[PDB]
Amino acid sequence: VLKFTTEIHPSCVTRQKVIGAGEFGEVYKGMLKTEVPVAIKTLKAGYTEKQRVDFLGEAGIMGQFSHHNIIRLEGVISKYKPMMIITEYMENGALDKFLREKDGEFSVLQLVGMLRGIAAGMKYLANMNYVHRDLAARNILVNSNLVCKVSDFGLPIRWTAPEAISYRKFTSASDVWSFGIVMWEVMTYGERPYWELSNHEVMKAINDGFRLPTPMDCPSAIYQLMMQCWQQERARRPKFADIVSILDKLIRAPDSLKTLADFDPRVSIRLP
Ligand SMILES: Cc1ccc(C(=O)Nc2cccc(C(F)(F)F)c2)cc1Nc1nc(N2CC[C@@H](O)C2)nc(-n2ccnc2)n1
């Protein structure tokens with residue numbers, strides 16, 4: 001498992017601030033010498049056998065991935081305690097919070113470019129036979145070039161395909177459903193999917209045939225694509241290769257994004 005990983009000596013790692021929690025240990029922002037900022041997930045004293053298997057196994061799969069749109073593993077501390085998984089760090093942070101804090105600040109082309117990068121990372125994962133299971137804007141990091149990196153921070157009805165909810169069938173095709181939700185999150189600057197509907201109401205709406213409406217000022221082609229990610233029949237959804245191809249072609253012929261889907265207003269204002 002620790003094959004594709006680099007072993008880092010503890011003297012090279014400085015933990016500075018807690019930024020979250022892991023399964024059995026904290027997550028920190030810190031600095032790595034070999035200086036670069038890093039995120040650090042620890043496995044603290046008392047962890048179980050299963051926790052150790054899952055922790056090192058996680059580092060092992062992360063080391064295997066080498067792609068522009070997948071979070072990069074700097075290395076692992078396994079020979080000393082506490083054990084650590086060390087990744088790159090992004091000052092812009094997670095995509096959901098980023099978009100909510102920068103509402104309306106980007107061009108359509110910038111937003112679609114983010115989605116193309118997410119899709120390319122997902123195509124890579126699916127090709128590598130890795131099913132994400134929790135694809136959502138909260139699990140995507142944004143670098144200072146606006147490049148999105150798929151990650152998994154650990155624990156989602158509103159993002160999950162019907163077959164995954166109903167009978168636990170998680171595949172790259174259920175990840176495609178989630179990707180459609182991510183497209184909607186990006187184009188709305190981080191709006192909550194389905195707004196205040198409860199989890200049960202969301203599932204009932206989906207089963208009844210309802211789907212999320214168009215975001216404001218959304219290219220028609222982008223809404224059509226997200227709608228095709230939400231087909232009930234798993235086999236009819238696009239594969240990630242199809243999604244990447246379409247997004248690449250739209251970006252390369254950017255006039256294609258100027259045609260906007262109609263937005264259904266909730267409020268009427270009568271003025272002269
Ligand atoms: C340390 C760390 C460990 C693991 C992962 C991770 O992705 N494993 C993973 C597992 C399976 C599949 C995939 C994959 F690749 F398929 F998607 C990826 C990410 C981070 N790195 C990290 N964790 C956090 N966390 C976690 C707790 C949250 O509250 C904050 N925050 C930031 N961070 C913030 C600003 N710049 C960076 N980085």
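Residues numbered from 1 in each chain as written, not as in the entry; some residues may be left out. Heavy atoms only, no water.

The deposited coordinates for this entry were obtained by X-ray crystallography, with a reported resolution of 1.059 Å.

For the largest cavity, the calculated volume is near 30 Å³. Surrounding the largest cavity, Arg-133, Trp-159, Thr-160, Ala-164, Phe-170, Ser-174, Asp-175 and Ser-178 form its lining. The dominant element in the lining of the largest cavity, judged by the number of residues it contributes, is helix α5 (residues 172-187), at 3 residues. In terms of residue class, the lining of the largest cavity is built from 3 nonpolar, 3 polar and 2 charged. (1 Å grid on protein atoms, 1.4 Å probe; cavity = no way out; pocket = protein on both sides within 12 Å on 5 of 7 lines; lining within 4 Å. Points joined across faces, edges and corners; volume = space filled by probe spheres on them. Helix = DSSP H or I, 4+ residues; strand = E, 2+ residues; numbered from the N terminus. Nonpolar A, V, L, I, M, F, W, Y, C, P; charged D, E, K, R; others polar.)

Here, the residues flagged by UniProt with the feature "active site" are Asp-134. Checked against the element boundaries, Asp-134 lands in the loop between α3 (108-127) and β6 (140-142). Here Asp-134 falls in the buried class, since its relative accessible area comes to 4%. When near neighbours in sequence (up to four residues on either side) are disregarded, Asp-134 contacts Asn-139, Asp-152, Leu-155 and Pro-156. (UniProt positions renumbered as here; feature names shortened; annotations may be inferred. Buried < 20%, exposed > 50% of the residue type's maximum accessible area, 1.4 Å probe, protein only. Contact = heavy atoms within 4.5 Å.)

Among the nonpolar cores identified, the biggest contains 53 residues, and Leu-95, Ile-118, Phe-179, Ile-222 and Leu-247 are the most heavily contacted of them. When near neighbours in sequence (up to four residues on either side) are disregarded, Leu-247 contacts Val-112, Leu-115, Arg-116, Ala-119, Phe-179, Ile-222 and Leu-225. (Core = buried A, V, L, I, M, F, W, Y, C linked by side-chain atoms within 4.5 Å.)

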